[PDB]
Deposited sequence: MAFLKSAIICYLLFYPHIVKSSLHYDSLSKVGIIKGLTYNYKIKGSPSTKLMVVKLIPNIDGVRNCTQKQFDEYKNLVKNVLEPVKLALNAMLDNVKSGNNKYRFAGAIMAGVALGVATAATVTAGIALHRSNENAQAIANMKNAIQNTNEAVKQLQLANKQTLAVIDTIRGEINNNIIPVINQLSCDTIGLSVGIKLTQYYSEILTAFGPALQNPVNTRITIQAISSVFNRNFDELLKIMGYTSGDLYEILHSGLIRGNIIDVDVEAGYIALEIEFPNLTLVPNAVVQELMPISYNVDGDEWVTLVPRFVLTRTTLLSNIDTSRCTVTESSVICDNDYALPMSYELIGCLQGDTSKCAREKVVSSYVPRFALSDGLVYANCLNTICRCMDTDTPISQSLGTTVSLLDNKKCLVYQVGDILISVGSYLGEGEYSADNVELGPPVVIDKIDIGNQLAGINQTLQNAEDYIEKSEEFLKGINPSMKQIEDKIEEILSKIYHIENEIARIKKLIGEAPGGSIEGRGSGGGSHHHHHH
């Protein structure tokens, strides 16, 4: 593939991708427990533990019901003084002490209630999607690290992934899973996770071609070539990416979609330019620009191009039909009737809670009558 001789034919070099073939996934089963084991002094904590269980039931019961509906489709003077003293003792012993003791277990109960609530939130974060959609979920990073015991070296080694594969796999969301079974009373869900096996085709590189209009002897012409062509070593072939997943780094296809390329097209791509079926534009709309990673290419030889906020027209020095516009002059270009903006940077911000100041507890002072008793003795 020779680009220098295609540029003058109106074909602009586009993005480059590697080429991978997707095979059957590896499977790993994980059981997620929603109700923690809390034991000891059950009579003290009981009330908060039961409300928690109802939260879990309300979340899991709809999963069980859906799985049953789909059962066939799921894959798997001294006397008076003493009387006063005893009366006071009575009120302390019958009212004050019993209340304080009850408050001590209300406190433990609430502490457990908070701890349980946070545990649910941790699960909601990691296995949220699993609970929300029993079929075909996207697996989170927290769920993955749990699966491999927080060891990504082991993850890569077992799957045979490079750092580049982990990145594009997470980008596309190719790690998926399903709930196969649940136990509502126990608070258990059985989640099955599928980890894809990707294979790299050696030296196979996919090259995008972006044709735009150009002028020649007269009139306006467009050259017609496949948008995507596959090059390996010295071989060229046609591909169809409409059924493939495309990431920034590679094209991931199930099966191998390469097909034989015609002689005439091979000729053009390699620099012949003898044929390159160019077609005359008479009563059709055709493109006059192409965009690649922020670069703007345009046929400013045919149409009127302008740089905004400099109020300056754009022209060509000839020797080419396609010019690259310089992004260092302005943010907005006009090509024909279309205004093209660029990806400028906006200032940094933050999200946070307001600062919180706590006040002191109410503290009861000690009762000290030593100075009075001393004067009675």
| query | finding |
| --- | --- |
| Deposited positions without coordinates, collected into consecutive stretches in sequence order | 1-22, 99-158, 460-534 |
